[PDB]
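Protein chains in written order, with the deposited numbering: chain Z, 98 to 145; chain D, 5 to 290; chain U, 23 to 263, 279 to 310; chain X, 1 to 191; chain S, 265 to 296, 301 to 352; chain L, 71 to 140; chain C, 89 to 99, 120 to 176; chain F, 283 to 376; chain Y, 50 to 113, 117 to 240. Here is the structure we will look at, set down as structure tokens.
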Ligand SMILES: Nc1ncnc2c1ncn2[C@@H]1O[C@H](COP(=O)(O)OP(=O)(O)O)[C@@H](O)[C@H]1O
Ligand SMILES: [Zn+2]
């Protein structure tokens, strides 16, 4: 997760860097909590 | 003014379906719909169309109803689906325009100032060009004549988009002629051209008969453009033209003769080879 | 009972043209739309008409089946005089091949919920190259029947002539979840002729004459090629104990061109005087 | 509570350009359509109303829509520079009414006659006979300068429904300062 | 090059920023296919030096043990010029 | 039908096409071509192209979908 | 899909360099304002249509952030 | 009034009709061509002015009747040749 | 929203009146065709165009770091007044250079190729480039001082590509007025 956009702390958005594929602005799935996903750590993203 | 109106196959298929849908139960004259498309420098490209519920009365030739809100929200839906399509005219299946059509064309002009109405004769299938594009014009008629609405004609043609092109070609797949032409189809094209010229001359002669007999008023203008047709005749049998024509006919005939000789020699060689082969087989059998 | 392999979908010419046009327009993004018509009987699915729906960010999925647009368009088309019922849905798979993905599977069961015999139609627009329309129709088979020693669909006749399906469907599990429905385009005679009106040459084209200054150059060129071909043919025939085919093709071209030009010239000379 | 479709016919001829009623007949007729459509729609919210103009044309600016707002919208900027053609106005009103979306709503026509009607007696009586044969109720109300209690109009409403019918009224308005209170006492409450 | 641009942008965001580029011999090597990418990085750095001009608060200090390896284009005039 | 088949054959080598490098001929109507995409493909060859123009280095144009040399 | 606008040309149109190292052209710039845009901007565009969906604030790499 | 086949005009007829000298017909037809009502050409050794037309005029009932008779002749010729072509080319037609 | 982006490509070669070879900026090269209402004259080898992403047809053309990122070294607004104590030198520069700029036709009048090599040899840091910028601003001519990259010729790393860059980058694209870096390197 390259950066936390944090538009309004309700739809925060998350800039992630997929190694060499690309970089994207995604949101977490409902399974995980926003406080559990800090900026800079590595996370698993769905392929779709 | 508009130079051209190129009509896609989708709109003509849609108007065919609309007329079949309405006339299957509601035996009625022209059915009215709206034609959408994209503009250009000056040439319109009609791409999609829809049907608007319309009613008419043969009495007073003005008791009609084409819905306003229906047109508006069909366009809303179509623009939501595809915003590139703009209202550019309307269509009716009637072979002839009615006295009523002026009001519908003004109503369409309220939605598009350069609105062009396309007559699509779904019922008849004939020589060609089933679409006739007409534009309302308003002028003092220059040469001092009483003014009226009038529908100036604009030329039309049938073009196709690549997806529509593959769709229609696969849709036929049983009567599509070879694009290479070959002699039979070129000769049929020539016969079709002769038939079309005869039909056009017959229509023009009928119009001239109507004008001369008084059943139609003398236009006094455009009629002399038909006179310009009459002047444009090449006047064959001129000596220079005859000599040039014979020269080029012989120039083509020598090539035809050379090709025929080539073919005859090839056929003779093939026959010699076949005779040699069958004799070889006969003698090798023993 | 179980459906039959003889079941087929009748797509009107207008419906097919609309679906292909929408698929090309929405490329590269995937589009979708309802398929108005009537089932009529058990063995037929008449797709009279199809209308496109606004594209949503979720792609081809159930949340992109907005009921306001569908209901308004349905009732209002029926107001115009088109009272058909939804028989399925078409959607676009550009460069993917005609097959159903998992999301398509969810959409197809959602469609089967209200209409048991709904059909999912897949069109590949970019793959629909000139002279080849890649279109397929599917309907889901639930695991319950096929697992329980039951054939997904009975072949009561020989209409299973549908050739070996594209292997792309096999990799994407064609027969595992969605049996394909054989296709049969329905074309009327009016629409056939008025689609023929597209490429039909005008009457002025038959009587027109090719540029004489161009015809002479074409004759010169082809005759010189025929000269080289005659040299090759002489060498080949002498050294015997593909000049022939090339020579025959050149002769066909020359003869048809010159004969057509000459006949057009004569017709023009007689007609216009 | 009765299901019905109201097909109002307003006027924007040049004869509405004299201050016989109120500031001018335009606002008088606008408020008249306002109150009549209000009565019809609060009487039954499942109904629907539309408007046809009559000045030299017959436009369907608002079709048969339950939302009165569109009718109020197109009632504005009417630009009274036309001429009344009553012969085709009622014909187009019925031809739009036959486009009814609901098949249980009842017929009801209101037309705003503010100008004298130039129609043949035989034409209007055959129009009324056709309305009888098609079961359409029409209420005609007269404003402004007009031959008071028109014989043609009274015969038209008499043969609109004869032999103990519902009684489609031919309402006239008192010249001068007068609202549609008389037009709502008798006609609006009972048709 | 993206790293150089982002570092310079971060220096811009803070008003009193000091950039310190250590071991300039790595990316300041004279040009002569990783040479292409190294050239892209060095030219991005050069463009960043050519960017600010109104005596902005962003100032840069470069340290190196070798000057012969260093690209003479880095010195120039509008770039690192104080050869201390 | 033969004229139609020839028309389809011509339609095969239609715009768009992908440039590749003709790596090596394998046999009649079969070869290996290195496409500009960055991968090498074992593809077929149309009979229309003369077999003498396929130099082991000359560039060729292949069908976009099937990558076949056209 | 984040991208850098290489330049904006008139004919209101923009050239986009996606993070997939692919350069596309855009006759229309999308749902943001052309005036509030300049070369080098970071914008999140659609993954399929490659149309600029949103403008993005300047972003610093993790190494750049740790550089401070 | 020319019969549309012998469109060439001699000098003497122009001189006797417009009652002008034979040295002025040349300049007169030059002026008419320059204005934009004639698109012919001028000869001098034979002094026959070649004639082509791009400037039409108003018609009349008798003129319309005659010219529609000419058009009927034209269409009859077209129909006759079309019939001959289809009859001779029946087998090749397909 | 209904609009869809188009790939940016470079036209390598013109095949026919309707066939072009276009290579994507970071992709393979395709044989494509023009859309329709485009000037094929504008489509020359070296122009930036916008291919449609599905049919690959050239929808439109586009105007066109790099090594030239150190090539330019434009003169600036240095004028005669800034340079002091080079009156004879300034007159020499005028007498040498202004004729090829102002009056190239006099050389044809006498019939001789213009003089190319003019050596303003002298200590560095004394205003050589200042004199050149001063005369350039006097004629407002773009002084493209050579910064090696995109103009290196003698540099033995590459033989003919460097020649191509030397020629094409200057003179052809940028009108005239050149210089050279490493002022004493190749002279010796
Ligand atoms: N005549 C002059 N007037 C003013 N400043 C000068 C003059 N000559 C030299 N300078 C100064 O000295 C420097 C000259 O450098 P220059 O001779 O251009 O070096 P090089 O020719 O090696 O590039 C400039 O920075 C300039 O400010
Ligand atoms: Zn799908």
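Don't be surprised by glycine CBs; every beta carbon is placed ideally from N, CA and C.
In the DSSP assignment, the alpha helix (DSSP H) including residue i goes from what residue to what residue?
i             : result
residue 157/Y : 157 to 162
residue 217/D : 186 to 217
residue 173/Y : Run containing residue 173/Y: none; DSSP gives neither H nor E here.
residue 356/F : 343 to 370
residue 41/D  : Segment 36 to 42 is the beta strand (DSSP E) holding residue 41/D; no alpha helix (DSSP H) there.
residue 188/U : Counting along the chain, residue 188/U falls outside any alpha helix (DSSP H), and DSSP gives it neither H nor E.
residue 225/U : 225 to 229
Terminal residues of the continuous beta strand (DSSP E) containing residue i?
i             : result
residue 104/U : Note, residue 104/U: premise wrong, no beta strand (DSSP E); not H, not E.
residue 6/X   : 4 to 9
residue 78/Y  : 78 to 81
residue 157/D : 155 to 158
residue 121/D : 120 to 124
residue 68/D  : 68 to 70
residue 142/X : 138 to 142
residue 125/C : 121 to 126
Please report the Cβ distance between residue i and residue j, rounded to the nearest whole angstrom; I am assuming they are in contact, meaning their Cβ atoms lie under 8 Å.
i             : j             : result
residue 152/U : residue 173/D : 7 Å
residue 54/D  : residue 37/D  : 6 Å
residue 96/D  : residue 50/D  : Wrong, their Cβ atoms sit about 14 Å apart, outside the cutoff.
residue 89/L  : residue 106/L : 5 Å
residue 94/C  : residue 137/C : About 13 Å separates the two Cβ atoms, so there is no contact after all.
residue 72/X  : residue 5/X   : So it is not a contact: roughly 18 Å between Cβ atoms.
residue 119/X : residue 171/X : Actually they are not in contact, since the Cβ atoms of residue 119/X and residue 171/X sit about 19 Å apart, beyond 8 Å.
residue 120/D : residue 138/D : 7 Å
residue 314/S : residue 232/Y : Going by Cβ atoms, the distance from residue 314/S to residue 232/Y rounds to 20 Å, so no, they are not a contact pair.
Quick one: residues in its chain with C-beta nearer than 8 Å to the C-beta of residue i, no 5 flanking neighbours on either side, listed in chain order?
i            : result
residue 52/U : 81, 82, 113, 114, 115 and 116
Going by beta carbon distance, what residues of the same chain come within less than 6 Å of residue i, once the five residues before and after it are set aside?
i             : result
residue 301/U : 231
residue 283/U : 251
residue 188/X : 39
Quick one: is residue i near chain B, going by C-beta distance under 9 Å?
i            : result
residue 91/C : The structure shown has no chain B; the protein chains it does contain are Z, D, U, X, S, L, C, F and Y.
Exercise. Is the stretch 172 to 189 of chain U close to the stretch 131 to 151 of chain D, with three or more CB pairs under 8 Å?
Worked result: no
For this session: Take every Cβ of the stretch 193 to 202 of chain Y, pair it with every Cβ of the stretch 79 to 98 of chain Y, and state whether three or more of those distances are shorter than 8 Å.
Result: no
Exercise. Does the pairing of the stretch 134 to 148 of chain U with the stretch 101 to 116 of chain U give three or more beta-carbon distances under 8 Å?
Worked result: yes
Problem set entry | Selection of the stretch 46 to 78 of chain D by Cβ proximity to chain X, strictly under 9 Å | 57, 59, 60, 61, 63, 64, 66, 67, 68, 69, 70, 71, 72, 73 and 74
For this session: Give the residues from the stretch 149 to 171 of chain U that approach chain Y closer than 7 Å (Cβ to any Cβ), ordered along the chain.
Result: none
Problem set entry | Contact set between the stretch 83 to 114 of chain U and chain D, restricted to residues whose Cβ is under 9 Å from the partner | If the cut-off is 9 Å between Cβ atoms, the stretch 83 to 114 of chain U has 91, 94, 95, 98, 99, 101, 102, 103 and 104 near chain D.
Exercise. Given 8 Å as the limit, is there contact between the stretch 46 to 60 of chain X and the stretch 87 to 107 of chain X, that is, 3 or more CB pairs closer than that?
Worked result: yes
Problem set entry | Interface positions of the stretch 267 to 278 of chain S facing chain C (Cβ-Cβ less than 7 Å), listed along the chain | Against chain C - using a Cβ distance shorter than 7 Å - the residues of the stretch 267 to 278 of chain S are 267, 270, 271, 273 and 274.
For this session: Assess, as a yes-or-no matter, whether the stretch 14 to 34 of chain D is touched by the stretch 198 to 216 of chain U under the definition of 3 or more beta carbon pairs within less than 8 Å.
Result: yes
For this session: Taking a Cβ distance cut-off of 8 Å, strictly less, list which residues of the stretch 75 to 98 of chain Y are near chain C, in chain order.
Result: 75 and 76
Exercise. Three or more C-beta pairs closer than 8 Å, one from the stretch 96 to 108 of chain D and one from the stretch 130 to 139 of chain X: is that the case here?
Worked result: Counting Cβ pairs under 8 Å, fewer than three are found: no touch.
Exercise. Residues in the stretch 40 to 55 of chain X with C-beta within 8 Å of chain D's C-beta atoms, listed in sequence order?
Worked result: If you check each beta-carbon in the stretch 40 to 55 of chain X against every beta-carbon of chain D, none falls closer than 8 Å.
Exercise. Got a sec: which bits of the stretch 81 to 99 of chain L sit with their beta carbon under 9 Å from any beta carbon on chain Y, in order along the chain?
Worked result: 85, 86, 87, 88, 89 and 90
Exercise. In the stretch 190 to 207 of chain D, which residues sit with their C-beta less than 8 Å from some C-beta in chain F, listed in chain order?
Worked result: Taking a C-beta cut-off of 8 Å against chain F, the contacting residues of the stretch 190 to 207 of chain D are 191, 192, 194, 195, 198, 199, 201, 202, 205 and 206, listed in chain order.
Exercise. Is the stretch 140 to 150 of chain X touching the stretch 21 to 40 of chain X in the sense that three or more CB pairs, one from each, lie closer than 8 Å?
Worked result: They touch, by the three-pair rule.
For this session: Below 8 Å between beta carbons is the criterion; list the residues of the stretch 35 to 59 of chain U that meet it against any residue of chain C, in chain order.
Result: 50 and 51
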